[PDB]
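Step one of this worksheet: look at the structure below.
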Amino acid sequence: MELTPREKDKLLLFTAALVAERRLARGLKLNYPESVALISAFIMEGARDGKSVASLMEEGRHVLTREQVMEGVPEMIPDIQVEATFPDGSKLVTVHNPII
Amino acid sequence: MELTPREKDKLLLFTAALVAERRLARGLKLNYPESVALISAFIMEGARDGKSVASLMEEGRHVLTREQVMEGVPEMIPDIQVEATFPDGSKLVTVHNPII
Amino acid sequence: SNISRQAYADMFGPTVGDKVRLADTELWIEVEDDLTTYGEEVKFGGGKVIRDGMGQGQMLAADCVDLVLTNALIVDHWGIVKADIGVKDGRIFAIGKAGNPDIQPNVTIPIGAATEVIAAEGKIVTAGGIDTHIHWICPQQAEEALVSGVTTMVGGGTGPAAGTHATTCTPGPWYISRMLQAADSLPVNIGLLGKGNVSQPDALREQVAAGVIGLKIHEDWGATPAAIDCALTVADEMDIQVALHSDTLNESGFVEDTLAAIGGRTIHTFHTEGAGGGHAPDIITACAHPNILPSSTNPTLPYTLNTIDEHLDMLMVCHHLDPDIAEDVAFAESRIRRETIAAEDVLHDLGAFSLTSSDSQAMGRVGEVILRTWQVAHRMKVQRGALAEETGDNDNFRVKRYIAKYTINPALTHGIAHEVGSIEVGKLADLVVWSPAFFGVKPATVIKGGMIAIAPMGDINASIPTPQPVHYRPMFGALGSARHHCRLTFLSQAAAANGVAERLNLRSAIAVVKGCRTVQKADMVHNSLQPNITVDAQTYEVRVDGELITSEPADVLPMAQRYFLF
Amino acid sequence: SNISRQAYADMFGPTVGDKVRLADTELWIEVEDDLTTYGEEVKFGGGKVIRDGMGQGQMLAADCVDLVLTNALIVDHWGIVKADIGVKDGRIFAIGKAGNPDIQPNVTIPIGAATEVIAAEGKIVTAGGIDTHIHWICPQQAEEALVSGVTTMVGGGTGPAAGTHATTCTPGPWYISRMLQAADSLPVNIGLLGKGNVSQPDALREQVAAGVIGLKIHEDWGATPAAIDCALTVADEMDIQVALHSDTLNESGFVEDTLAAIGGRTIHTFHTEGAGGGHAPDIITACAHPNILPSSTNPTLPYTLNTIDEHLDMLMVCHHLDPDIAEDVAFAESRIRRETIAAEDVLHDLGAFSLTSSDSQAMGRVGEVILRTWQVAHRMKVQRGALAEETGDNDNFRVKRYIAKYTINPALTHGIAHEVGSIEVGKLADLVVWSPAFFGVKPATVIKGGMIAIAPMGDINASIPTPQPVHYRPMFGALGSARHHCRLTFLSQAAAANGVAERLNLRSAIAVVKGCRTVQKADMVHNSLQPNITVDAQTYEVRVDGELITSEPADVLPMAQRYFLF
Amino acid sequence: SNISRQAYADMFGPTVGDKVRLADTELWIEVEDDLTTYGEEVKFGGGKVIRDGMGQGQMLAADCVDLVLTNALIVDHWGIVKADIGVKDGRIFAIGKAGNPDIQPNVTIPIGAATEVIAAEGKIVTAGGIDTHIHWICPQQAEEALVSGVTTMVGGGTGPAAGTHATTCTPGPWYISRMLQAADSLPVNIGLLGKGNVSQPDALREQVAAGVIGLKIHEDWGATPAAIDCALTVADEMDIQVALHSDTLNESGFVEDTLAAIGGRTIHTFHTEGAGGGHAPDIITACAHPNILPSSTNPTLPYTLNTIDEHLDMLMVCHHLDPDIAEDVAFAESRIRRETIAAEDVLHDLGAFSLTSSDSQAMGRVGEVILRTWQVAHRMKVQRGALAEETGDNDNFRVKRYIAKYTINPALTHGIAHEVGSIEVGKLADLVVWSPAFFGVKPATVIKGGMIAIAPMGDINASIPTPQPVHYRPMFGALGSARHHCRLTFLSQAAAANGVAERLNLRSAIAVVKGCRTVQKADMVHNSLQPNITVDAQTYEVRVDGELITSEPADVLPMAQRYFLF
Amino acid sequence: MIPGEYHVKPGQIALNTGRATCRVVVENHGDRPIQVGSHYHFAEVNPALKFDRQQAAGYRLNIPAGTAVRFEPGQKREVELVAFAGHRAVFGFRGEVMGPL
Ligand code: NI
Ligand code: NI
Ligand code: NI
Ligand code: NI
Ligand code: NI
Ligand code: NI
């Protein structure tokens, strides 16, 4: 696979999102690291699908709502940023106020 | 668990194959690291099941076809090699031209 | 005895007239020359050539090389040639024909008992890359850059502090000394940049005497005509380079005022296109001047469908602008322009921009200098066709022009070309081995000063090194005292003369920078164009000799989704 | 020119009279004072204040600071104040107003070309924590503690050996020398404790002369009156501290016999509540004495619904008791008591217990000293309301009392307060930067001796340092020779005089302990209470002046599930 | 006072006559002797024996041990005995009875204030393993081997280069010097092998004078009679060992010609069975000769159902043979033979093969030398029953014969038995602690030179070291300067005399090899058999005294799927 | 599109041009196979190979570098040899020359 350090680092992010996805499925209200991991991994898969940066900047605001997270979590997350390999190379996706 | 470095290293390979398995399920054409991880993890589970080295050398050629991977990927993979603990200890499985 | 050309290429790699595709791009190189004698190629292995009395001789260590890279396809600014490479005492000894003079003809690289072998048949060998726009935000950037094929990193910083997040500056003697001490732990060659923004020359001389090889003038520390004049005066006295990130705000003057403050003195303009910073909207016109060495930072390379989107929302996070304020959106439409971003790719293809660099974690990607340079070359071949300089049915000249951007030209700009930057006799053996299918993306071996420092490595417990998982792991060239012997810390002439290495107890090999003040645009290898360039203040359109310079954005690029897991 | 207080707080952080909630607790701090001149605040960035001739001056390196932390909200034992912090030569230079004396008024922290900037607006800055109950079971504990905000670790051990699993003892000159050599590799300041359990003074003097800064008396090595007397006699001769884990079994005497053996000499009582060890059931009464400096270990802090359950089944694994034997269950109901565990939280709130510590991997959590100290303060505010010392509508005094428990008081107890323990001029610049929402849980930056040593860091290859995954990674202050310059190894006066640092070739900066014998309970900052305390031998009820001391167990705590992935 | 034998074994470990099963194999050891005095066993913990005035004395550091391993069950070539082990100044001080001479009888290991304790009751203690077939392909092999219980590694290489992928050779003075410098960073003892394939003695003397402790003759560099003769002449002059991988091709002669070139001089034959390399098909007959010290590499150990399949497809990748060419399949049926692979296991059981080794990542598994040695012993017990030397109802002799293969015999072969290789007074304290259920698979503690270097370690932040996840993590014995004091770099006598350690600034302890030329088959502990062995050139059948030597392949092995996650 | 693909010029390469060559009949008289590499000094191969050793003095196999010729037991074959070049000094092998020629 010849994995570079950045690819291995993203494996850590993917694994943290699996933890969050399983807790969400049980009906738990997500905490701070779980919410960040979940929305971040959604964006990485959207980049793999070939979605545009402008579409993910908007779609990333509808992954989790205020009712699916613990009190104070939306305010602890003013934005989420993640980079991934799009068809046209690495791009940065910034999602402003993702939880409303 | 007293995990040794080799056991921890194989956890990385298992995780990369989970990424690939989820992308394949969405109907994506797999890239180079995803294809290598997917076929490699299949072989490790076959060793855990107690399949023989000669059976996995053949079965590993039918995990992915040319139509499930991106252009050029079969030619980037002339073979796949992975070792795992078989009932009779560690053995090396070499799969020649796994994607046709 | 005869062999077919196809069987020959499978055993020894391509020869004269054969063509190779670079990774999944549309670039093809053609082998221009081959230094072997057909039938006398050296090959290592069970029952092969490199054996006692055969391809290996009886000479003592002093009369043979420490390492030979056999049947290498060299890609460098001077040629695309098939040859053996000899390394001795950590430096490039010869490019030619290896073997045993006792039984073989035309041997220029002798192989003996003291010789190690790297089998390069079917591989491309290049010099290690040189990135001159590093923000030392974290030490982990060194391994990321090394894995990508970059062996020298020039920049400034103290770690994840506000000053370093924004600028390549290592401020003051105490931080300079601490960062030089920290550099011994990193497996790349390093040179540091001091804070050049001051109007008192003694505050600059102090930083140069402490160890910096250059001074960064950054607008966040005030890029005024008086600070620029002061930094260049000291640079001329001390033989160090000045790197400029100009006054985007036009607060102290316009681009013509910055250019007048420079007064024809040698300077390196960072992110010359301007997105990364500089006089809005016409910093790009500096590439017309003979004393300016212009570089690009990589997020604008090449121009793609997602570039603007990620760049309009990048400036809103770095400078905290917010889309609600009209004056901040007017500022956003000032540093981020489609017209200069599209023109920059063409200016690279014509040789008007001479270097590529990252701007690591400060509007730049540390592991993507090489990868993005090749993506620009591909997008330019596709849109513009063959260069005027091109001969034959291949892209050899375009390849030589682009490889110079991250190898020899940064070295010449920073006064380190006597040590690194190309595969030439006497230079440090910082070499990168690539399989053609992964050229520019994932190297097979990274050699630092004659020792393998990092390489893809499979299961540690396996019966061979190829079984999964294969990932990049540090090698012996990156450990303790072996690392110190195989890397360089670059110092200014004043710091070396003053015994800074002995005072700080620096353990690595030391090299000194020289020739920073006499380098000019005409010295940039295959990238010496001084075009008559103008930027329209209203529309931002870039013209060269009245002709509009533009390009189309890519929707899909090579060296991207086929290779990376995320 | 005027600005609203809300817009002001968003740009520069809070000012006098503004209140901040600590993480998700019920504790609020109020800014007591602000050392700025409104309108002359220094801010770094594109077009901001810290620029040549503006907020940055023309002075040489000798006349300005190496680092400035701008607009910091300081939380320390002496005050909760808004100020700029200047650092020079790795030490705290001044707390005041930064800038350029050429154009700005009241500048006490000059900024020049040699100055790095950390933007602290909207952040809380504290001193680095000091944990004095470390079992050196593994080196990985150093990074875990550093990430939590602890910069100094005092303890004993040789690795995962039975002696170290149970006690903070580094036994003998050979292990002491090896652990001092190993300490150079760790990014925290370190001092070691020797084995104090012996009745021959020369076997103790030998360990002190080898390098230990203290002696641990532990019941597992026999905490008898003769061993205690011997250790204190040597401590009085050599100016080192004694740490005590008393005879739980009452084998050699009861608590009054241990106290008589001590004979009014200065001693640090570890886990004074008793769960961690000590005379059953009344070791807690030692906090009444003037020569006793009492600490708590953290699993009993604060008292919660799961405390007993995890503590009854903790003792059954550590000592291998088994619930089937009645005499082992009678022993289990002897070290683990609801009454002393509930009382300990109140005794911390009243200032009768002066320090908090971990007891790392030996009935203690290395990364939770700070976190649990704040959870106790929260649970005490909720149950008891405001302290008698409290002025205003805020928890400022309670905050000053609790922060002293893991900063200044451990430093005073171990004779290292001349180097570390608080944000005061002349002390080592070990500083922790917190965002208010993550106060006490996850720091934004950990500075060791003036260099950032560890910080949360995002994608290494990203265009900025903020993209995911963000996790703690070592910085330049934790590498090779830079680390040696930024950390301290503490030695006894005898070891320093005898040239132990030169003999072992120790590479880090050396500091010497002093004033261990003259420190008393009255010297513990905001924690000098000597209550008239009694424990009922039958019921274990704790009383102060005949009044029952108790608290209720928490079912939910702040600084817990909102922040951690597991 | 009396105690039942079952309660005794649960508190102190087994005693004389008790039997223990090794992991999940069919091997049982019986305690032969016990050096304690019943009732005077030392036990550490709350209210136990090792306490001031009790099991711990008043002696100064010079009169007591630094470390005691209490109630250890020793398994070594000389006996299977219950005893306390004392360690002082990083070396084995005594095997006997520990405690305090003031109150206890028959104390030979004194315990004082300067003593650390490792509780070994219920554990097996062995010497650290010695692997003499290392290819230095990557530094990560050192931790993998250390975790498996191997503390010394002898081999050659420069990293992942073609020469090293194939051979254990560190070619020439420059690579030898760089690898000796790199060795200081690794937590195992190291000795290097030079390239022995040359017909000029001065090219060999140069490598020995640079620091190698041996020379590898490998067929990939030409294993001709002239190169062999030359290497042995230099070996006889310089007191170094020669390791041989013979001419598989029979190019220069047959096995009798290689044996005649050797001329009765001392030599170590690598992978004597032949799959790993050597004269096809009869290299195995070398084990009949008195001057040959024969080792096996591990993939052929033991013979299993999957061995051939993975070995026929291993040679097709390493040498790139392809099944389409008939002459390459004829070559594949030449190095890979069922007959010699089945016979090798029996020859190990009879003591005709004296050593086991890996052949790390070059047809060998670095973490499986010990594990596979025990799997062979199990498969041989199951097929052949008790050895002729066996007394009692146990496998004690078979265990002593097999443990010698990876401990004392490699040490004797390489001239390092004066430092390591067994648990004997005066030797370096490289010790491995095993729980019986994980014997040979996953150790509980690995001690290097008296300090714990690696161990399984649980959650760093936990209240104890046992909570999940438990995985191997480096300890204090593997850090910086402590590591340098606890490991050895072995040098030739010429390199030590010439000041190579001072010239290269080597930081670790140095040891010198001696007695390589006088060791013979008769010196191999419990493995000195010289059988009258023949191999049929047509059928490849192995016979000893005309009797066919064969074994059956295993379908399931112990020390496999019950223990490993993958 | 194949990443890193070659476009090899059709044709043949002539090996060891302008050097003296000779042919010898070789027979393996041993009971075990013998394989000989491209650059081995042919006159000093395994003694079980029967041929005119004087004609092979200073010669090697005229085959692509790194390849070999295999002689199974009893196998007889005619091989083409090519003269050594450079200094024409032979050191090593069975130690028969150890100097010029
Ligand atoms: Ni810039
Ligand atoms: Ni920059
Ligand atoms: Ni305790
Ligand atoms: Ni403790
Ligand atoms: Ni071999
Ligand atoms: Ni080998």
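Each position is counted from 1, following the chain as shown.
So how was this one determined? The header says X-ray crystallography, 2.0 Å.
Cβ atoms here come from the backbone N, Cα and C positions, even for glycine.
The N6-carboxylysine entry in Swiss-Prot, when matched to the candidates C:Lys216, C:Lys381, C:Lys405, corresponds to C:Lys216.
Among the candidates C:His245, C:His279, C:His289, the residue that Swiss-Prot annotates alongside C:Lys216, C:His271 as binding Ni(2+) 2 is C:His245. Annotated Ni(2+) 1-binding residues in Swiss-Prot are C:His133, C:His135, C:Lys216, and among C:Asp345, C:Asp349, C:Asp359 the one listed with them is C:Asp359. Measuring Cα to Cα from C:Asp359 (Ni(2+) 1 binding site), the recorded positions that fall within 10 Å are C:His271, out of C:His218, C:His245, C:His271, C:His319. Using a 10 Å Cα-Cα cut-off around C:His245 (Ni(2+) 2 binding site), the binding-site residues C:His135, C:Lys216, C:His218 reduce to C:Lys216, C:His218. Counting only the Cα atoms, the space from C:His135 (Ni(2+) 1 binding site) to C:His218 (substrate binding site) is about 12 angstrom. Listed in sequence order, the recorded positions near C:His271 (Ni(2+) 2 binding site) (C-alpha within 10 Å of its C-alpha) are C:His133, out of C:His133, C:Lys216, C:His218, C:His319. It is 20 Å from the Cα atom of C:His319 (active site, proton donor) to that of C:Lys216 (Ni(2+) 1 binding site).
In sequence order, C:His133, C:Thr167, C:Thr168, C:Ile217, C:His218, C:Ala243, C:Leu244, C:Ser246, C:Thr269, C:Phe270, C:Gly276, C:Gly277, C:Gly278, C:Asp359 are the same-chain residues whose CB sits within 8 A of the CB centroid of C:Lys216, C:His245, C:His271, the residues recorded for Ni(2+) 2 being left out. Summarising the environment of C:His319 (active site, proton donor), the number of other Cβ atoms within 10 Å of its Cβ, over all protein chains shown, is 17. Once Cβ contacts within 10 Å are tallied over all protein chains shown, the binding-site residues C:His133, C:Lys216, C:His218, C:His245, C:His271 are led by C:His133. Neighbours of the Ni(2+) 1 site: apart from C:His133, C:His135, C:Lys216, C:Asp359, residues of the same chain with C-beta atoms within 8 angstroms of the site's C-beta centroid are C:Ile134, C:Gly155, C:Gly156, C:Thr167, C:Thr168, C:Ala243, C:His245, C:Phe270, C:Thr297, C:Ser357, C:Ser358, C:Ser360, C:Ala362, C:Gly364.
Note: none of the recorded positions C:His133, C:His135, C:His218, C:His245, C:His319 has a C-beta at a distance under 8 Å from a chain E C-beta. Summarising the environment of C:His135 (Ni(2+) 1 binding site), the number of other Cβ atoms within 10 Å of its Cβ, over all protein chains shown, is 28. Checking the binding-site residues C:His133, C:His135, C:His245 against ligand 1, the ones with a C-beta less than 6 Å from an atom of that molecule are C:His245.
Between the CA atoms of C:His218 (substrate binding site) and C:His133 (Ni(2+) 1 binding site) there is a gap of 12 Å. Within 10 Å of the C-beta atom of C:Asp359 (Ni(2+) 1 binding site) sit 29 other C-beta atoms, taking all shown protein chains into account.
The secondary structure of C:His218 (substrate binding site), as reduced to three states from DSSP, is extended strand. Contact with chain D, taken as any Cβ pair under 8 Å, is found for the recorded positions C:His319 out of C:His133, C:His135, C:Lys216, C:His245, C:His271, C:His319. In three-state terms derived from DSSP, C:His319 (active site, proton donor) belongs to neither a helical nor a strand segment and is classed as coil. Residues C:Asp359, taken from the recorded positions C:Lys216, C:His218, C:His271, C:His319, C:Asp359, are distinguished by a CB atom under 6 angstroms from ligand 2.
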